[PDB]
């Protein structure tokens, strides 16, 4: 779109857009195959692999961890090094708060970034490139591919776990519920969607003004939209503006509504 190019101009940023209406197969694309650091959006796919692995009862497994597992941002995990946390609780904290220690513990449990990669390849994702813990500070730079993905691949993988057959329905329900009750995305995709429509989302933030959000958006009646809005900027220490994500989403909704 001229419309997306305008937003890149207004915000001095690079935009990556992919949206699929699952009820019509209509598509919205703008740099859909351009790579961006996936950042915390990977937490969503990590839980997908986690669920696939485990049974639902197995998620009640208690993980004991230490202060040495605490990283830069540990809003839930810092409160329970005494008690530990169950895998289910770690998935909650990772998805809904973007608790970084929680993600690290879950990654360890699934066998690390190498194992996460191997599992994403198995579900048909050849693009997404998990390599490191804390993705995210790698880093990296242009135009290296470690810990990156594209708007297309993230949509395709999110859809696979959340909506298709990479998971049985009761595990689907957990992932979707956690993402619906995300606390970190109010100013992003959620702010670009019409009022009262349910949204499941996972946010990401990285250097180079990288600000990301992947989402499933249910219209009142009928089939959901799966969307990835990715963004980055020129300078390593550039700041992002959440408003870019909300406005991009508005453009996407107009192109499909």
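Positions refer to the first chain, counted from 1.
- Between 177-185 and 103-111, it is 103-111 that carries the larger average Cα temperature factor according to the deposited entry.
- In this entry, the higher average B-factor at the C-alpha atoms falls on 237-245, of the pair 237-245 and 16-24.
- Ranking 131, 126, 89, 165 by Cα temperature factor from the entry places 131 first.
- Highest C-alpha temperature factor among 204, 209, 192, 196, as the PDB entry reports it: 196.
- Ranked within its chain, residue 30 lands in the lowest third, by CA B factor from the PDB record.
- Per the PDB record, residue ranking by Cα B-factor puts residue 156 in the lowest third of the chain.
- Among the modelled residues of the chain, residue 232 sits in the middle third by CA temperature factor in this PDB entry.
- Placement of the Cα temperature factor of residue 93 within the chain: lowest third of the modelled residues, per the deposited record.
- Placement of the Cα temperature factor of residue 52 within the chain: middle third of the modelled residues, per the deposited record.
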